Structure formats: C-alpha cells, structure tokens
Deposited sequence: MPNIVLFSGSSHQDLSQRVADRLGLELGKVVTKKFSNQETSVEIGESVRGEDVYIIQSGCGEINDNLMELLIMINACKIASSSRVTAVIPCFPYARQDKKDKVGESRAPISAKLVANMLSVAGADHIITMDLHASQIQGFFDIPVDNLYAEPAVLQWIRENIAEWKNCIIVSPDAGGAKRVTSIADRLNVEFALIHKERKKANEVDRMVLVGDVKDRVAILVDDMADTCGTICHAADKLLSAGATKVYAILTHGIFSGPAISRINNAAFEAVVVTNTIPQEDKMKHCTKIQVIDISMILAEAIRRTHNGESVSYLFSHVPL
C-alpha cells in the first residue's frame, strides 16, 4: 500500500534522484513506441491498491511525452490503483493560459485542454514546480501543488555571488515584476525593471552587478536583450537565474556569444547535453523539493 514510483521516457536522471531520496527505486515499466509511432506502455509489476506516483516532465517532444503520461495514468487506473498522482516538473502548454487579446484570432486555451485530459485519464493529484501562471491551479478540480524554486535561487545568490548585499534584481519583461520584487525583498535589496517595445529601463544599474530573474527561457529572445541593455546602461556584469531552462532553437548559440557570467537553471528540464555546449550554464538540484512534496502527499 506504500509508494510505487514510476518514471517516463523523458528526464530519467531526476526520476532516479527522486527515487533515491525516497529510499526506493523506479517500478518496472517498458515505454517504447510501436512501428507506426504509437506509444507502447507495459507495466511489469502490480499496482493494485498502491499509491502510484508518475514523474513526466514536459520537455523534449511535448506531445509524445504527454501521450505517454496519459496512457500511463490510464493503465494504472484501470489496473485498480488506489490513487494515481502525476508529478509534472514543467507543465506543458502552460504559456497558452488565456484567449489572448485583440489580434489573436480564435486562439485556444491549451493549458485547460491538458488539464481536462489529465482529469479524464484518471489523475487524482497534480504536483508542479513553478507554474507559469499560478491561476492554472484553478484549471483542475483535483488538488494541485505549485512548488517554488525561490529558496534555491536565494541560496545560490548568497553562496556564489559574493557581492549579493549590494546588487539589484532585474526583470527582463513587465510580467516578471512580482517574482523579481519578492526576491529583492527576500534578499533585502532594491530592484529595477526592463520592458521592450525599443528597450526601456527604470532603475539605477550604474557600476553595480545585476541579476536577471525569469520563470523560463525558450529561445533566449529575452534575457539576452536585457543583458545588452543592462551593459549599455552601466552594469559591470550581468547574471541570469531561471527556473525552467528550455534552451530551444538557437538558444545555446545566443548564450555562447553573450556576456553572461553564469546562466543558472534547475533539474526540471534535462540540462546534460545543453551544458556540454555551453560553460555558462549551471544547474541547481530540485529533487529534494519534489521528494518532500511526494512524502507530504503520501503520509498525510
């Protein structure tokens, strides 16, 4: 009746880390694809009456991983499991959370679609790390846990950056005001703001060190322009701390010929191959937070 932990095809390293921190090991599931690109999920062990926990990040090929997660949840549910919990470090389609505004002709809400699919597959609980919009919690009818990576970010700032008592935290866009502001309050220091459309700046950032904080980085269209503007303004050096490092498209190329002292990300998305092609990127372990959340859910 105790925890049975399962892992998907994507991001095996974090799954192994979370299993180790729980003093367990991943269950026997073979997730391959048939000849015509159809997902094949075969659970080897018994899940009857167990508290199944599935960890599947929204990275790599998003649709294939999402389909694998749904099929795994359905298979566990039909196999008479007590309660199936889906742990999603990076929620897929989390940037499509609104019907947008004037101009976006009949755009859908893909986040609610994913929520409905997870609910109809048979999920009983959702664990997510640093959702793009905290209001996505309301997209479900089951409990949702929105974990935060801010304590790790503060710890990294304190330990690594020696001048953290006289720095500033800068938001690369207008919507990152809340996160940047909360971090600045936590470190007991001031902050600035940057907006595009071009680049505008409101803050001191003169002969001091600035840290760019954002939730994610897909193509680094942001953060890079913010670093350029900050360097033009008078900043001595610029750091970049991120929660979900996608680094898709050009990305790595842009960081490589950039003046970032360090680009900091977390385990939520595999960074192994990305770190090889870029020395700036550094990784922060968050497996402890997910493991503690899993324990809190399980014991009760």
- Query: For this chain, which runs of the deposited sequence have no C-alpha coordinates, given in order from the N-terminus?
  - Reply: 1, 199-206, 310-321
